[PDB]
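Asker: This structure is in structure tokens; I'll ask about it shortly.
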Amino acid sequence: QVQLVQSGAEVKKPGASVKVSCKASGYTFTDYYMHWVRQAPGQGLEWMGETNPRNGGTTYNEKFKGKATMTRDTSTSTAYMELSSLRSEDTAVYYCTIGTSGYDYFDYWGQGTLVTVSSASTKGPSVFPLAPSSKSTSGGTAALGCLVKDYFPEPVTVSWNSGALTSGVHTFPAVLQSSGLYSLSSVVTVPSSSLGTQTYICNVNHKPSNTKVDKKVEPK
Amino acid sequence: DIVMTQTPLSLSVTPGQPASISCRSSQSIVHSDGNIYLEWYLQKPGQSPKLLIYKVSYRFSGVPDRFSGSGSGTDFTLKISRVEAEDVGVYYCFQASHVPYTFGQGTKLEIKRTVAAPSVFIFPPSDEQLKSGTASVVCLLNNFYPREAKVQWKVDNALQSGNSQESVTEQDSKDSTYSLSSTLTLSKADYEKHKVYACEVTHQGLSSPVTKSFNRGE
């Protein structure tokens, strides 16, 4: 199984540098070129350049020369993308991608790394339960969730029961409060009959603040 | 550079009906080997793009027979014979014939479905949050269609303004619905001054507004 596993979300002040990693597995790392793609608001998807994993040879999109530096470490099957002299415009999701055919039609992609460039203060969220009650029932079903309040920058990820619970989950887009802090909610609809036997835990991650919370949501 | 222009910018389709997306290149995209490395990707919110079509017409492994590609010179077309709920998202064309490789701006595909009224739920502030001096009340509108929905917060029947935020999900890949979460945030002191907290919902699937409420303490 071909896998491209990227490093977590980062937040940097203007003028700083960041080095995003892409760990490859399930194929011979030196067989295929590693490509980097940017997804920035307004600018859309853009191909940044490619790295030959054998010699570390690189071809850049001219728009990214002097901004991006691509490297590789064959001993760990890891490709790297370093962004220098960070500015607000560098806030984007960065993807590593390969074309296993040996041609540049990309078939496998990393999960992406969100890099945010800001002078605003980083803040970890508070995680509060949205307990199932008679006010959150609908014809034998109960809704429950987690409120992920006051964080900066994006992203917050939420899973339920370590990824074993996905059906009926809605993880809402974050809202931006006047304070400049984000908030989001994640909910799930479950059988009301089994509230006493099943355990519901929301796993909340906010990498920029090293927040990693597993909140058990208790019925009311 | 080679500019890839997609038409239309968005489309709304009933399942079973055909869809067609065009991708125009500013210059020809024939590679030195004689092939046209024109690809079509589908991307869903918060996910990486997924390859559908490569080299103009080749269907990538696992992609449904419903998807097909054609084209020559500067005009390329992605066709969905019969659209399905799972097709929802943004479609991008991509050329890898000449460096630098370039993408189209994307075409958003929306799915039409029948009217579905939301299931409305309300959540009082948690005891944990109340201890921190703040009170957030959450109103959840689950699995409705169309996306247009109106939430109004009422505290002891008085209409609230300026103390709430809401967001809507992307369209569901399985049932083509939307969900909405609205949060009313007050200070704990302001929360303790009132009894009735209500969420009033207006939607096309409802003949009169639906009020979901609770009494603070109960």
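How things are named: the first chain in the structure tokens is A, the next is B, and so on; residues count from 1 in each chain; ligands count from 1 in the order shown.
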For segment 37-53 of chain B, list every protein, DNA or RNA residue within 8 Å, evaluated using only C-alpha atoms, and leave out those in the same chain fewer than 5 positions away; present the list as a ChimeraX atom specification.
Answerer: /A:95,104-112 /B:29-31,58-60,63,67-69,78,88-97,170
Asker: Given only C-alpha atoms, how would the per-residue table for chain A near chain B read, listing every residue at most 8 Å away with its closest atom pair and distance in Å to one decimal, sorted by chain and number, as a tab-separated table?
Answerer:
```
residue	atom	partner	partner_atom	distance
A:44	CA	B:105	CA	6.2
A:45	CA	B:103	CA	6.1
A:46	CA	B:102	CA	6.3
A:47	CA	B:101	CA	5.8
A:49	CA	B:100	CA	7.8
A:60	CA	B:100	CA	7.8
A:61	CA	B:100	CA	5.3
A:62	CA	B:100	CA	7.8
A:95	CA	B:48	CA	7.8
A:104	CA	B:96	CA	6.0
A:105	CA	B:54	CA	6.4
A:106	CA	B:51	CA	7.0
A:107	CA	B:51	CA	5.7
A:108	CA	B:50	CA	7.9
A:109	CA	B:48	CA	6.5
A:110	CA	B:48	CA	7.2
A:111	CA	B:48	CA	5.9
A:112	CA	B:48	CA	6.9
A:128	CA	B:126	CA	6.6
A:129	CA	B:126	CA	6.4
A:130	CA	B:123	CA	6.1
A:131	CA	B:123	CA	7.3
A:135	CA	B:122	CA	5.7
A:136	CA	B:121	CA	4.6
A:137	CA	B:121	CA	7.1
A:138	CA	B:119	CA	7.2
A:143	CA	B:121	CA	7.4
A:170	CA	B:179	CA	7.4
A:171	CA	B:169	CA	7.7
A:172	CA	B:169	CA	5.6
A:173	CA	B:167	CA	6.2
A:174	CA	B:167	CA	7.2
A:175	CA	B:167	CA	6.6
A:177	CA	B:165	CA	7.7
A:185	CA	B:181	CA	7.3
```
Asker: Using only C-alpha atoms, which protein or nucleic acid residues come within 8 Å of residue 173 of chain B? Drop anything in the same chain fewer than 4 positions from it, and give the result as a list in words.
Answerer: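 The residues satisfying every condition are residues 85, 86, 87 and 88 of chain B.
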Asker: Next, write the just-selected residues to a file, as a CSV table (one decimal), in the first residue's frame, keeping N, CA and C atoms as the atom set.
Answerer:
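Here's the written file part.csv:
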```csv
chain,number,residue,atom,x,y,z
B,85,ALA,N,-24.7,10.7,-6.1
B,85,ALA,CA,-24.5,11.5,-4.8
B,85,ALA,C,-23.0,11.6,-4.5
B,86,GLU,N,-22.2,10.5,-4.7
B,86,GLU,CA,-20.8,10.4,-4.4
B,86,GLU,C,-19.9,11.3,-5.3
B,87,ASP,N,-20.4,11.8,-6.4
B,87,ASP,CA,-19.7,12.7,-7.3
B,87,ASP,C,-19.5,14.1,-6.9
B,88,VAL,N,-20.2,14.5,-5.8
B,88,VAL,CA,-20.1,15.8,-5.2
B,88,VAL,C,-18.7,16.3,-4.9
```
Asker: Need the shell around residue 201 of chain A: protein/DNA/RNA residues with any atom at most 9 Å away, counting only C-alpha atoms. Skip same-chain ones fewer than 2 positions apart. Format as a list in words?
Answerer: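 Contacts, in chain order: residues 145, 146, 159, 160, 161, 162, 199, 203, 214, 215, 216 and 217 of chain A.
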Asker: Quick one: residues within 7 Å of residue 19 of chain A, only C-alpha atoms counted, chain neighbours fewer than 6 positions away excluded, as a ChimeraX atom specification?
Answerer: /A:80-83
Asker: Store the residues picked out above, limited to N, CA and C atoms, as a CSV table (one decimal), in the first residue's frame.
Answerer:
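File produced: result-v8.csv:
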```
chain,number,residue,atom,x,y,z
A,80,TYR,N,11.5,16.6,1.6
A,80,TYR,CA,11.3,17.8,2.3
A,80,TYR,C,11.1,19.0,1.4
A,81,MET,N,10.3,20.0,1.9
A,81,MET,CA,10.0,21.2,1.2
A,81,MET,C,10.1,22.3,2.3
A,82,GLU,N,11.1,23.2,2.0
A,82,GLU,CA,11.4,24.3,2.9
A,82,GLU,C,11.0,25.6,2.3
A,83,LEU,N,10.2,26.4,3.1
A,83,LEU,CA,9.7,27.7,2.6
A,83,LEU,C,10.5,28.7,3.4
```
Asker: Going by DSSP on the backbone, which bits of segment 11-45 of chain A are strand (DSSP E)? Write them as a count of residues only, please.
Answerer: 19
Asker: Just the number, please: distance in Å from atom CA of residue 124 of chain A to atom CA of residue 16 of chain A, one decimal.
Answerer: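 Interatomic distance here is 21.2 Å.
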Asker: Can you pull out every residue from segment 127-161 of chain A that DSSP, working from the backbone, puts in helix (DSSP H, G or I), and format the result as an mmCIF file with N, CA, C and O atoms, in the first residue's frame?
Answerer:
```
data_model
loop_
_atom_site.group_PDB
_atom_site.id
_atom_site.type_symbol
_atom_site.label_atom_id
_atom_site.label_comp_id
_atom_site.auth_asym_id
_atom_site.auth_seq_id
_atom_site.Cartn_x
_atom_site.Cartn_y
_atom_site.Cartn_z
ATOM 1 N N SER A 134 -32.672 14.506 26.520
ATOM 2 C CA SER A 134 -34.010 14.481 25.923
ATOM 3 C C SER A 134 -34.178 15.652 24.929
ATOM 4 O O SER A 134 -35.083 15.624 24.100
ATOM 5 N N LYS A 135 -33.278 16.655 24.994
ATOM 6 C CA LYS A 135 -33.275 17.827 24.098
ATOM 7 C C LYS A 135 -32.471 17.585 22.817
ATOM 8 O O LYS A 135 -32.487 18.419 21.898
ATOM 9 N N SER A 136 -31.803 16.427 22.734
ATOM 10 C CA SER A 136 -31.037 16.076 21.551
ATOM 11 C C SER A 136 -31.427 14.707 20.997
ATOM 12 O O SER A 136 -30.631 14.056 20.303
ATOM 13 N N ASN A 161 -14.002 7.933 18.721
ATOM 14 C CA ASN A 161 -13.579 6.579 19.136
ATOM 15 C C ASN A 161 -12.359 6.081 18.346
ATOM 16 O O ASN A 161 -12.365 4.974 17.797
#
```
Asker: If we count only C-alpha atoms and set the cut-off at 8 Å, which residues sit around residue 111 of chain B, ignoring sequence neighbours fewer than 3 positions away in its own chain? Please answer as a PDB file with N, CA and C atoms, in the first residue's frame.
Answerer:
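Resulting contents of out_32.pdb:
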```pdb
ATOM      1  N   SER B  12     -25.335  22.236 -10.957  1.00  0.00           N
ATOM      2  CA  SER B  12     -26.235  21.542 -10.040  1.00  0.00           C
ATOM      3  C   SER B  12     -26.956  20.476 -10.869  1.00  0.00           C
ATOM      4  N   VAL B  13     -26.826  19.187 -10.487  1.00  0.00           N
ATOM      5  CA  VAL B  13     -27.370  18.068 -11.277  1.00  0.00           C
ATOM      6  C   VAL B  13     -28.181  17.079 -10.439  1.00  0.00           C
ATOM      7  N   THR B  14     -29.324  16.619 -10.983  1.00  0.00           N
ATOM      8  CA  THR B  14     -30.142  15.592 -10.335  1.00  0.00           C
ATOM      9  C   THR B  14     -29.477  14.231 -10.615  1.00  0.00           C
ATOM     10  N   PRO B  15     -29.356  13.304  -9.624  1.00  0.00           N
ATOM     11  CA  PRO B  15     -28.766  11.986  -9.916  1.00  0.00           C
ATOM     12  C   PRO B  15     -29.506  11.259 -11.029  1.00  0.00           C
ATOM     13  N   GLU B  84     -24.132  10.693  -9.672  1.00  0.00           N
ATOM     14  CA  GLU B  84     -24.507  10.013  -8.433  1.00  0.00           C
ATOM     15  C   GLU B  84     -24.093  10.914  -7.263  1.00  0.00           C
ATOM     16  N   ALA B  85     -24.715  10.705  -6.083  1.00  0.00           N
ATOM     17  CA  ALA B  85     -24.485  11.464  -4.843  1.00  0.00           C
ATOM     18  C   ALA B  85     -22.997  11.600  -4.487  1.00  0.00           C
ATOM     19  N   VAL B  88     -20.188  14.487  -5.751  1.00  0.00           N
ATOM     20  CA  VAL B  88     -20.134  15.845  -5.217  1.00  0.00           C
ATOM     21  C   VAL B  88     -18.709  16.294  -4.856  1.00  0.00           C
ATOM     22  N   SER B 176     -26.699  13.650   0.124  1.00  0.00           N
ATOM     23  CA  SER B 176     -26.808  14.960  -0.539  1.00  0.00           C
ATOM     24  C   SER B 176     -27.437  16.060   0.343  1.00  0.00           C
TER      25      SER B 176
END
```
